[PDB]
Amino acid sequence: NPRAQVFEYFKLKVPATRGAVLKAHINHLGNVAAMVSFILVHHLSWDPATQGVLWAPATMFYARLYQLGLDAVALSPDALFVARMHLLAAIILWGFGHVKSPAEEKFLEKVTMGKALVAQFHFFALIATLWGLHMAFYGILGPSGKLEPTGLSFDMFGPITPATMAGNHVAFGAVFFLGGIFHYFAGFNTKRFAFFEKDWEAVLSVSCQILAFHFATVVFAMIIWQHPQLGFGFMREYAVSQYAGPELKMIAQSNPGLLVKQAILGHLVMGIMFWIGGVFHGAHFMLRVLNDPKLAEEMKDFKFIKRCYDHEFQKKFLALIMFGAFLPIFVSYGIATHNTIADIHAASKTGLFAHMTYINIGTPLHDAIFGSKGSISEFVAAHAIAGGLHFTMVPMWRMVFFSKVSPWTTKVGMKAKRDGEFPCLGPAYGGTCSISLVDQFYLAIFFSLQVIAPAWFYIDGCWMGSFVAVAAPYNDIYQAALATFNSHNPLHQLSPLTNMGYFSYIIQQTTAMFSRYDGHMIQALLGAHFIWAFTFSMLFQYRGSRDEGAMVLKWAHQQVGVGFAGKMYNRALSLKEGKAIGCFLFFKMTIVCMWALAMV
């Protein structure tokens, strides 16, 4: 009964029946096919016959055409045939998705989520097998620049060839075939798993969380597995192939990993989004358990019912998370700040900042386990990212364990937080904004920038030993780091290691933005900065001011006879609306700015 299990604003908008959910899934497949058809045809460039495919997302999808062994010229007959067939598919899916199918519904009443998962195992088995067979007999782009059937081999431990990569797919087909049969007969009834059949939000949460972990493995694989046809190196090769437009080629020659790093940034960002949103759903499911006095006799066996009321567990556990953030942040940002002060003042002959030593630490544990040879850049960057992860987890674990009662609600005499969405409780006790579950969701989104930004600066080849460029007295440290980066870090395939800390790198990249794409990424930066600034007006403690001022603007529009425009100021966005929209736009406008950096 989903309409009873969502926040108020969504009760009238959430698919409310088995059938409606299936229709939403169908229409979502229509969206997928439709995006493919749109982006092969539109948003390529101003003049594709001469400029090729220059614009983002289209470049990545044309890089796929290239990897498939098709003519990846802008608007080629292959590209158009692919785009038009996906449009056909989209229209058929949306068609079915917007008509009611009572027989389909009647059957869905008999389907369990365990059964659906069996079916998904064997659908995935089909896809994996058929794609292995397509590779095997019809081929993909081969080393000779021609479409080449891969053959089929199952020598898992021999060298990677097209044939064994085909075998890898067929093997996954077999594995999911046997696994689907096994679970068809045995079910998922084991304890600690039977409860999933009870609640769609629990299943949904787990899907999001595991998908987030898949995203992270994909980020790392896109850096490490750079084979030009069987890995993500097809994005390097496409950008300098015969199909690449002149400007894309010029950019890729000084930035070989250009398109790979755009894909990486997309998967980093989406992965963070599914991690935090998935945890929000699991926490919301738990909170509904805790608010349904009925929903307790089946879940009493789980420890979280107790932990969500135990103030000593809450403090010990959250304190451990905060320590896990504090220590690596202190080490990484403290070192990089000392080194920054040293780089800044290196020309000084006297005074407080003259003749500072550079802090230079390697990464012996990572090197011993994975075969890198890291420098202070990796040491600082990895501790800043690790710290950002634990930092982000502070609001995440509060969603999970603080959203019904906390030491604070007990301290101030409350029985329990009323629900998961209330924005505040007013000025009592010096102010109470954003103790609810959803407000900690937003805060985790905000904090997640401490993961995304250092990760991006690292991946794009910033010097992460310092916030500014390495000064001349410390050049030896940079040069040694550059040698072992080139010889031992797979990232050197995508990015040269510059001597520029992020602040200096911003100057250089932004300067380069004036002269690529006719300057457009400067327009992107400026517009994104404006919108980001405006979110302050929605996120600051100033909503009442705006609601009061909005009455003057509405009144003024009515006086002159344009009340249809004054309706824009019928009221200010509410606390809840302004926090949701402000967080969304604050977060995404930051990502737009980083996307500019990914375009040059």
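Just count from 1 along the sequence shown to find any residue number.
K.L.:
Select between 184 to 192 and 439 to 447 the stretch whose C-alpha atoms have the higher average B-factor in the entry.
P.N.:
Taking the mean B-factor of the alpha carbons in each, 184 to 192 is higher.
K.L.:
Comparing 298 to 306 with 208 to 216, which stretch shows the greater average C-alpha B-factor in the deposited entry?
P.N.:
Higher mean C-alpha B-factor: 298 to 306.
K.L.:
Just to confirm, going by the entry's C-alpha B-factors, which of 292, 518, 378, 460 comes out highest?
P.N.:
The listed residue with the largest C-alpha B-factor is 292.
K.L.:
Between 389, 471, 341, 178, where does the Cα B-factor run highest in the record?
P.N.:
By C-alpha B-factor in the record, 178 ranks first.
K.L.:
Quick check on the deposited entry: does the C-alpha B-factor of residue 492 sit in the lowest, middle or highest third of its chain?
P.N.:
It falls in the middle third of the chain.
K.L.:
How does residue 550 rank on Cα B-factor within its chain, lowest, middle or highest third?
P.N.:
Within its chain, residue 550 is a lowest-third residue by C-alpha B-factor, going by the deposited values.
K.L.:
Grab the CA temperature factor for residue 316 from the record and place it in the lowest, middle or highest third of its chain.
P.N.:
CA B-factor rank for residue 316: middle third.
K.L.:
Residue 24's Cα B-factor: lowest, middle or highest third of the chain?
P.N.:
It falls in the middle third of the chain.
K.L.:
Looking at the entry's B-factor column for C-alpha atoms only, identify whether residue 334 ranks in the lowest, middle or highest third of its chain.
P.N.:
Bottom third by C-alpha B-factor.
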